[PDB]
Amino acid sequence: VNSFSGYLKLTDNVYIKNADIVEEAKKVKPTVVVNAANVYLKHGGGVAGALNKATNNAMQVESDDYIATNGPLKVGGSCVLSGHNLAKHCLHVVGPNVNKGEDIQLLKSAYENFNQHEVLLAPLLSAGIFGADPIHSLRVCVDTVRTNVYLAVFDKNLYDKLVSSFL
Ligand SMILES: COc1cncc(C(=O)NCCNC(=O)c2ncccc2O)c1
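Thresholds applied
- Residues numbered from 1 in each chain as written, not as in the entry; some residues may be left out.
- Heavy atoms only, no water.
- Core = buried A, V, L, I, M, F, W, Y, C linked by side-chain atoms within 4.5 Å.
- Buried < 20%, exposed > 50% of the residue type's maximum accessible area, 1.4 Å probe, protein only.
- Helix = DSSP H or I, 4+ residues; strand = E, 2+ residues; numbered from the N terminus.
- Salt bridge = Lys/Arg side-chain N within 4 Å of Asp/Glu carboxyl O.
- Near = heavy atom within 4 Å.
- Polar contact = N/O pair within 3.5 Å; in protein donor to acceptor, adjacent residues only side chain to side chain.
- Areas by Shrake-Rupley, 256 points an atom, 1.4 Å probe, with all protein chains shown as cover.
- Nonpolar A, V, L, I, M, F, W, Y, C, P; charged D, E, K, R; others polar.

Going by what the PDB entry lists, the chain is known as Non-structural protein 3 and is assigned to Severe acute respiratory syndrome coronavirus 2. According to the PDB record, the title of this entry is "PanDDA analysis group deposition -- Crystal structure of SARS-CoV-2 NSP3 macrodomain in complex with ZINCn9000000uj1v".

Shown next as structure tokens:
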């Protein structure tokens, strides 16, 4: 038993809710919150901008030190940093950005990072400003992630579509 509340169960291990991931993180304090990161960990907008804003820019300060030491992530890759006031840890995962021409097949590799964590609160990778089809992202999630994932979908209209079209 865990503290996540109000989720619709899609599969044995995947759950989904219409929620603001920032508000959900502040209430649950999960072990892991997933950020929709880019390779530079520049948290300017979308999920990343909202998570970073909720940390009062501490996420960005930590991220800049990470990049200065390690260089950029790979598309499809990830790193574990602090969750600040939102979670114990933040798993920064780089899904392919369609608006940059990145290969959508890398979406499966991106979701594989979730398997290193027993339970996660996460957004749909490559959705929103990353330009992928969220229905496709949900399908890849269900077919790739084997650990317990609680998906927060900000847009109510999208949440209902995602639910109604789920196979
Ligand atoms: C590319 O295919 C698509 C099909 N249908 C919908 C989308 C989409 O992402 N729509 C934007 C949904 N809104 C939000 O996520 C949102 N989040 C936070 C605050 C306010 C907000 O409106 C994409």
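After presenting the structure, the write-up continues.
Chemist: What is the right way to read the nonpolar core from this model?
Modeler: Most often, soluble globular proteins keep nonpolar side chains buried together rather than apart. If you look at the biggest cluster of nonpolar residues, it comprises 26 residues, and the most contacted ones within it are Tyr111, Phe114 and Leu151. Of all the secondary structure elements, the ones that give two or more residues to this core are β2 (14–18), β3 (32–36), β5 (89–93), α4 (106–112), β6 (119–122), α5 (134–144), β7 (148–153) and α6 (156–164). Counting residues per element, this core draws most heavily on α5, which supplies four residues.

Chemist: Teacher, can you tell me more about the pattern of salt bridges here?
Modeler: Side chains that differ in sign of charge can pair as their charged atoms come close. Applying the stated rule across the entire model yields four salt bridges. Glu23 is the partner of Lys26 in a salt bridge, and the nearest nitrogen-oxygen pair spans 3.2 Å. Of this pair, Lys26 and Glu23 both sit in helix α1 (residues 21–28), three residues apart, which is roughly one turn of that helix. Given a relative accessible area of 41%, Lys26 falls into the partly exposed group. Linking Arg139 and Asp143 is a salt bridge whose minimum nitrogen-to-oxygen distance equals 3.0 Å. In this pair, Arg139 and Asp143 are both assigned in helix α5, four residues apart and thus about one turn of the helix distant. Overall, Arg139 belongs to the partly exposed group, its relative accessible area being 30%.

Chemist: I would appreciate a short explanation of the site of the ligand in the present structure.
Modeler: Looking at the ligand, the residues that line it are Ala132, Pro134, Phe154 and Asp155. In the model, a nitrogen atom of the ligand is placed 3.2 Å from a nitrogen or oxygen of the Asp155 side chain. With the chains in place, 44% of the 530 Å² that the ligand exposes on its own is no longer accessible. Split by residue class, the shell around the ligand holds three nonpolar, no polar and one charged.

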